[PDB]
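Enquirer:
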Amino acid sequence: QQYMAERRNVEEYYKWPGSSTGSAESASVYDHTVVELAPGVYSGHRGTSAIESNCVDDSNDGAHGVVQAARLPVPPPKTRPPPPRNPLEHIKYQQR
Amino acid sequence: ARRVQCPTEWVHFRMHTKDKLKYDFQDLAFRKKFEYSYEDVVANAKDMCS
Amino acid sequence: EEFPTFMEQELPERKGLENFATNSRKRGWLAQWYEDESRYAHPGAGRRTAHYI
Amino acid sequence: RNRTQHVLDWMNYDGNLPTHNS
Amino acid sequence: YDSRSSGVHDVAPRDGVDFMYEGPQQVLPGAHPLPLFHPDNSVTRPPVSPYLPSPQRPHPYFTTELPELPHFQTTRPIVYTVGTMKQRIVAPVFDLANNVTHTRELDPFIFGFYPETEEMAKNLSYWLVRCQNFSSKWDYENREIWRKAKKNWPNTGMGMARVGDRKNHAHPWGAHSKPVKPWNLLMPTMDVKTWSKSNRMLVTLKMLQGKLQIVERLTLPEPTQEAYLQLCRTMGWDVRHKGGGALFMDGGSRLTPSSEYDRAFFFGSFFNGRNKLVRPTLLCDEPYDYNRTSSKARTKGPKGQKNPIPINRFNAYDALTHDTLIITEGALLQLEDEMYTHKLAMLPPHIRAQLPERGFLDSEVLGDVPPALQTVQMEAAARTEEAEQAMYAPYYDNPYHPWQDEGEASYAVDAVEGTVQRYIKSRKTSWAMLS
Amino acid sequence: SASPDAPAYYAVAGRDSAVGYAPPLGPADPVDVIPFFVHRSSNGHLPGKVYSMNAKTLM
Amino acid sequence: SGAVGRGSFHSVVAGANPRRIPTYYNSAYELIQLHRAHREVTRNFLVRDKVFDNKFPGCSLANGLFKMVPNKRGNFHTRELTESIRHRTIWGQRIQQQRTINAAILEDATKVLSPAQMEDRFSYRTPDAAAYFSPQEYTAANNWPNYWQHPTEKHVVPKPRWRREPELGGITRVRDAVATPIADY
Amino acid sequence: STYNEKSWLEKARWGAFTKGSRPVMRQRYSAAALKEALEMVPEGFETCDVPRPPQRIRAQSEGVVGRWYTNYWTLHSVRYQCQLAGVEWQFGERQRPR
Amino acid sequence: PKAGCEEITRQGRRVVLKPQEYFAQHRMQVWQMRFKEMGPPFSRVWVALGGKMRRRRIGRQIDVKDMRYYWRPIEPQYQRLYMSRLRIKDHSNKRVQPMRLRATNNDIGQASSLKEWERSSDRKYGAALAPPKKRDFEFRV
Amino acid sequence: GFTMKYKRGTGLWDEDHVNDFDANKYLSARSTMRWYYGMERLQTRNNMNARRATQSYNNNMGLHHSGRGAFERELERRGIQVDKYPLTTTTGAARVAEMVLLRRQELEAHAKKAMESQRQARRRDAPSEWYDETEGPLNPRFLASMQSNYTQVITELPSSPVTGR
Ligand SMILES: NC(=O)c1ccc[n+]([C@@H]2O[C@H](COP(=O)([O-])OP(=O)(O)OC[C@H]3O[C@@H](n4cnc5c(N)ncnc54)[C@H](O)[C@@H]3O)[C@@H](O)[C@H]2O)c1
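In structure tokens:
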């Protein structure tokens, strides 16, 4: 069971072509969603069309500025803070 | 002997409600079927990742 | 959008075939088939059995 | 009785959810 | 009337507040030549608007783009339908720290729909009815009384009342004949056609009244309530019971729109005061009444629609009891998105045919435009579909290439029993249905 | 009318109407400004509707 | 079934359809019901993936499961969702087909007389469209709902000679001398 | 009978009972999950023999199980997913006798 | 304690939602066969046939044995009586028209054109007035 | 009877398609916590109710608690996928919506920095010509919120309508 419930977990962490993961194929179409970071700013905000900015130099094929965020690294899960160090604040924080 | 040992007007709670399904009713043996607890309904439905 | 493949369609009621489905006056969709294939009896039928399959 | 008009066009439509190029 | 012509007044001024009337120049507290039952000036319930609502100004907001601030055009292109204001709107959105960042232009269909009282009444009269505790309106019925069903003394010859079986509604132990039961109380059916109008003519009213405020993000540093009063203190909102409250339509940030409220704010929005976190929408599904005639003879229920608008949508009551309205842009993205196809379907045809020319029907399903911005909850569903369209490759029920043989398919009626059996390359494929 | 041109007659969809539909012809004369505007319905025709007093009694 | 121009199989009778490629159609209403239909299939996937986020600790004990029984979600995906994709696909074709024609029309037409008049021959610019799209340009009618503020009728509302009052707290206060109202008969 | 398995309301609603406009096989198998079902259809079998049970019999396909090909509803439902899957139905079709 | 202080503590029968009637009850069949209602909107004659057209013919007048053949209107004093049972469908709603005698083709579907029936494939688009259903050749009871 | 059971979960939120006539005009502080906790309860109270039934009835029929008979156990032992359409599992949705949030957040900081490019490209140290009030008096509250975007004071309005300077 820890296999079937795992052999099938890995197929949804990466084996999407792209759906919020899918590091294999290419950018999903919703990566290129027209987001307007500011009037006249669309994906880089550093120059003009940062994806198309590096398309001017030889980096047309090897530079990608859209956040194909399947590739993104996921932050570590946040957990409950350590208990307080003073009994007054130690038990009151257990009264929140 | 397979019967339930009380006049079934006392155990009519089982026969009209939706306990018609959750109960063995073979020859009036109004005995509960098997029923998972809530620690298991989620143990069996999360391990499937459903 | 609920029938993914062509689930065969039965011909309409006999009353409909009389008046619309096979009647060229309405250009019913069987006015081509009726004259082509149906209105001819079996190649063995005589005069009495012109209507048996 | 075959379907002469628009005989093609069943296999040429609805590029499902156009991919990264479009 | 006009009785009690004496003794109603004391002939003495209370040595504190009481005061003579000095002269015509005396500006009396509360006085005003209009009959106002809520006499509020701009210091008690001050409007959060660039200008005070004046008869001259068609609306107390930036009618034009002011040069010193980033302007963000609407999420969707804009058209001016029947009732809309035919006047451009620009509402400046507020940073959380009370600063005013970029100004944003509103949709003239949602926030430009001019009010007309008798079409928000259909909204209010619905709420003042849907918000009863119907199940409380029970009442005993004649039969439900449990008394003798037999005349103890048959009235024959003496002067006793012509009464027996006294369990009727005349006697102090009785009950009605036609009593009020919940299943006899009508919950009114409310169409989306008029709920939308009855919401748009208010959220415009809250704009024409200049009580409309846009916030970048309704998020707190921490989920404690104290952080939500501290936030209100910087933003100046008055969630006190008496000072007019605030109506938060929490939709999330400008780039991360979301329907399910920011968990931080939701837990922090539980203050005892006057505030009501409503859902970021104006539509609600078609009404339906499965127990239309009498089908279910045991339902407790009211009569009428069995799908009432929930308590936390944007209604008329809590729109007029709460002075200020607080919308995050993450809601504006949802309101323009959910009403776009509605705004377009209402234009007259000689206009509707001009849209694809002017860039209104760019349909991201065909790929003529890269997909517009979506709610995180909906983009997370959009990405689900894009990942699944490959599970439909080998089969024939593939919902993206419906009936892909209909080209080469040849049909042939069969004269033995009425059918039309399709053939594909002489091979029969028509699925003869099961009964 | 509906511009079927010489190149084997390609017409343009909403250009001719035998039923009588057509876009609004426009203002009366340029100098004047009409003070009311009657929109069209979602289906094209005009806002006049003839209800009846007391349909219940078929008056 | 029909639902597209291919003709339903009821062209059993070999009813041809000649005089084709005849109409340029902008697919106005169909692109509308596409954006409406594309919203449904996404508004359906949102439902098919609803998964418990119980912001309360009372009934938190299901916070991992989907919000629909496995057998039902396995149905609703197939009953309503996959239906709505077909219904979305249908419009995704009735338009991708009609465009193919327009792509052919807009070439054979562009040539004959003008590449300038062309997108005028294929236009729908009613003289009043300035009423609906850019109402700042429209003058020839008075289509405001608050008509008494149309520039040609702004002269109705009175321009009160107002003023502030620091002694009252910065309250604005009109300096109009109230006219003594009518009283008796 | 002091206990009735089903109230007359559901002795008299054939819609929950009959196979009419109602699918009676819940699970939809994949491509290879069918080529591995038909592997157990025995040689000598023919669909022209397993008949339609009468109305008074419930319409229930308990799924692909041992001797599923005799369950008239399991057979003609599998026979239908082999269409949507493209598997080649070797065995014969319902021969409507005359 | 208040309604009767002892009649409401000891419990009798509790009443529940009362089932409705066949809400095309009053188009009874002694009109669905005798009369037929003709007419444009706001004038509906319930034309009926002749009174004496089957009983005694021999010897009656020659030119009155045929006044029995015309679709005469019934005098309005009865039009309003019979069409009174049809108005009651939603009274006090001054803008709903009376029920019609025969079922017009668009209202029959109006029942199944409701947002709750959209999922009943059967009984929709007309299945009763449809031709009799066709079943498997093996269909059997 | 028939009560639109195909609509219970098919709403966009938790409070929809649940007929609750028991409402009120003003639901107070803890009557709102009681309400929101209520909708989800009878949304999870219903589910795990309906899961315990299906899992127990399936277990009593001798087959796996999710209906998987001997076949669909034997196929998975072989690796042949037994379900035609594997709807995305909990791992999917909780991930297919994990990056989208990881994407927006990296776009906010991508855009938080972006607007400063344009905000600091707003030289106006004095208010523009919207600062007119010939139409109607300005709003003192708002100016205090627009004082940040300038250097000269804004809130100080005379008793007279603004001249413009
Ligand atoms: N009036 C009707 O009967 C009606 C109405 C709507 C839809 N349908 C269509 O009927 C089809 C089933 O055929 P039937 O009408 O002879 O009854 P049926 O459902 O009994 O068909 C046999 C079996 O085919 C399977 N099946 C159906 N659709 C499938 C799909 N898309 N992918 C894989 N397996 C599938 C199901 O197990 C079904 O029980 C369904 O696909 C459904 O959409 C029929």
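Chains as they are written, first to last, in the entry's author numbering: chain R, 193 to 288; chain Az, 103 to 152; chain G, 269 to 321; chain Al, 278 to 299; chain B, 2 to 436; chain Ad, 121 to 179; chain Aw, 3 to 187; chain Ag, 50 to 147; chain V, 10 to 150; chain At, 10 to 174. Quick reminder that beta carbons are idealized off the backbone N, C-alpha and C, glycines included.
Tell me whether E217(R) is buried or exposed, calling it buried when 16 or more other Cβ atoms sit within 10 Å of its Cβ.
Expert: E217(R) comes out exposed.
Enquirer: For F148(V), is the beta carbon positioned less than 7 Å from some heavy atom of ligand 1?
Expert: Outside the cutoff, so no.
Enquirer: Counting pairs of Cβ atoms below 8 Å between the region 71-83 of chain B and the region 330-349 of chain B, do you hit three or more?
Expert: A contact exists between the region 71-83 of chain B and the region 330-349 of chain B.
Enquirer: Taking DSSP as the reference, what is the three-state secondary structure of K207(B)?
Expert: The answer is helix: DSSP assigns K207(B) an H, G or I state.
Enquirer: Could you say which of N287(G), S306(G), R295(G) lies nearest to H12(Aw) if we only look at CA atoms?
Expert: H12(Aw) has its Cα closest to that of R295(G), out of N287(G), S306(G), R295(G).
Enquirer: Do three or more CB pairs link the region 249-258 of chain B to the region 279-298 of chain B at distances below 8 Å?
Expert: Yes, they touch.
Enquirer: Which residues of the region 40-66 of chain At have a Cβ closer than 8 Å to any Cβ of chain Aw? Give them in chain order.
Expert: Listed in sequence order: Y45, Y46, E49, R50, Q52, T53, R54, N56, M57, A59, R60, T63.
Enquirer: Which of the residues in the region 85-112 of chain At, read from start to end, lie with their CB under 7 Å from any CB of chain R?
Expert: Residues passing the 7 Å Cβ filter: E85, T97, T98, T100, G101, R104, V105, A106, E107, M108, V109, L111, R112.
Enquirer: Whose Cβ in chain B lies nearer than 8 Å to the Cβ of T172(At)?
Expert: Simply none; closest approach about 16 Å.
Enquirer: Tell me the DSSP secondary structure of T100(At) in three-state form.
Expert: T100(At) falls in the helix class under three-state DSSP.
Enquirer: Would the beta-carbon of residue 241(Aw) fall within 8 Å of that of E270(G)?
Expert: Any answer about residue 241(Aw) is impossible in this case: the structure gives chain Aw only from 3 up to 187.
Enquirer: Chain V beta carbons: is any one of them nearer than 8 Å to that of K176(Ad)?
Expert: So yes, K176(Ad) belongs to the interface.
Enquirer: Here's the rule: buried if 16 or more other CB atoms are within 10 angstroms of the residue's CB, otherwise exposed. What is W44(At)?
Expert: Classification for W44(At): buried.
Enquirer: So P349(B) contacts chain Ad; which residues on that side make the cut at Cβ distance below 8 Å?
Expert: Per Cβ cutoff of 8 Å: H159, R160, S161, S162, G164.
Enquirer: List, in chain order, every chain Ag residue whose beta-carbon is nearer than 7 Å to that of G20(At).
Expert: Ordered by position in chain Ag, no residue passes the 7 Å Cβ test against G20(At), which lies about 24 Å from the chain.
Enquirer: Going by C-alpha distance, which of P107(V), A112(V), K143(V), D131(V) is nearest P50(V)?
Expert: Nearest C-alpha to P50(V): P107(V).
Enquirer: Can you look up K429(B) in the DSSP assignment and give me helix, strand or coil?
Expert: In this structure, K429(B) counts as strand in the three-state DSSP scheme.
Enquirer: Given a limit of 9 Å on CB to CB distance, which residues of the region 293-316 of chain G reach chain Aw?
Expert: If the cut-off is 9 Å between Cβ atoms, the region 293-316 of chain G has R295, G296, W297, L298, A299, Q300, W301 near chain Aw.
Enquirer: Going along the chain, which unbroken runs of the beta strand (DSSP E) with 3 or more residues stay wholly within the region 390-425 of chain B?
Expert: Those beta strand (DSSP E) runs which fall completely within the region 390-425 of chain B and span 3+ residues are 410-415, 420-425.
Enquirer: Name the chain B residues whose beta carbon is nearer than 9 Å to that of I17(V)?
Expert: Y141, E145, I146, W147, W174, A176, listed in chain order.
Enquirer: Residues bridged to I23(Aw) by DSSP?
Expert: None; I23(Aw) has no bridge partner.
Enquirer: Helix or strand or just coil, what does DSSP make of residue 180(At)?
Expert: No answer is possible for residue 180(At): it lies beyond the span of chain At, which begins at 10 and ends at 174.
Enquirer: Between which two residues does the alpha helix (DSSP H) harbouring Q214(B) extend?
Expert: Where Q214(B) is concerned, there is no enclosing alpha helix (DSSP H), although the beta strand (DSSP E) it sits in stretches over 213-216.
Enquirer: Would DSSP call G232(R) helix, strand or coil?
Expert: Coil.
Enquirer: Would you mind telling me which residues of chain R sit closer than 7 Å to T296(Al), beta carbon to beta carbon, in chain order?
Expert: Simply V221.
Enquirer: Just to confirm, does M48(At) get its C-beta within under 7 Å of one of the non-hydrogen atoms of ligand 1?
Expert: No, since every heavy atom of ligand 1 falls outside the 7 Å radius drawn around the Cβ of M48(At).
Enquirer: Give, in chain order, every unbroken run of the alpha helix (DSSP H) that is at least 4 residues long and sits entirely within the region 35-92 of chain Aw.
Expert: With a minimum length of 4 residues, the continuous alpha helix (DSSP H) runs that stay inside the region 35-92 of chain Aw are 72-78.
Enquirer: Classify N279(Al) as helix, strand or coil using the three-state DSSP reduction.
Expert: The answer is strand: DSSP assigns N279(Al) an E or B state.
Enquirer: Do the region 105-118 of chain Ag and the region 55-73 of chain Ag meet, that is, are 3 or more Cβ pairs less than 8 Å apart?
Expert: Because the criterion of three Cβ pairs below 8 Å is met, the region 105-118 of chain Ag and the region 55-73 of chain Ag touch.
Enquirer: State yes or no: is the beta carbon of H152(Aw) nearer than 8 Å to at least one beta carbon in chain At?
Expert: Closer than 8 Å: no.
Enquirer: Return yes when at least one heavy atom of ligand 1 lies under 7 Å from the C-beta of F271(G), else no.
Expert: Yes, Cβ of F271(G) sits closer than 7 Å to a heavy atom of ligand 1.
Enquirer: Looking at the structure shown, is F63(B) part of a helix, part of a strand, or coil, going by DSSP?
Expert: Note: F63(B) maps to strand in three-state DSSP.
Enquirer: Consult DSSP for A57(V) and reduce its assignment to one of helix, strand or coil.
Expert: In the structure shown, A57(V) sits in a strand (DSSP, three-state: E or B).
Enquirer: So what does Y125(Az) bridge to, in DSSP terms?
Expert: Answer is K134(Az).
Enquirer: Expressed to the nearest angstrom, what Euclidean distance is found between the alpha-carbon atoms of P102(Ag) and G93(Ag)?
Expert: In a straight line, the C-alpha of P102(Ag) is about 22 Å away from that of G93(Ag).
Enquirer: Quick check on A5(Aw) - is its C-beta less than 8 Å from some C-beta in chain Al?
Expert: It does not; no Cβ of chain Al falls within 8 Å.
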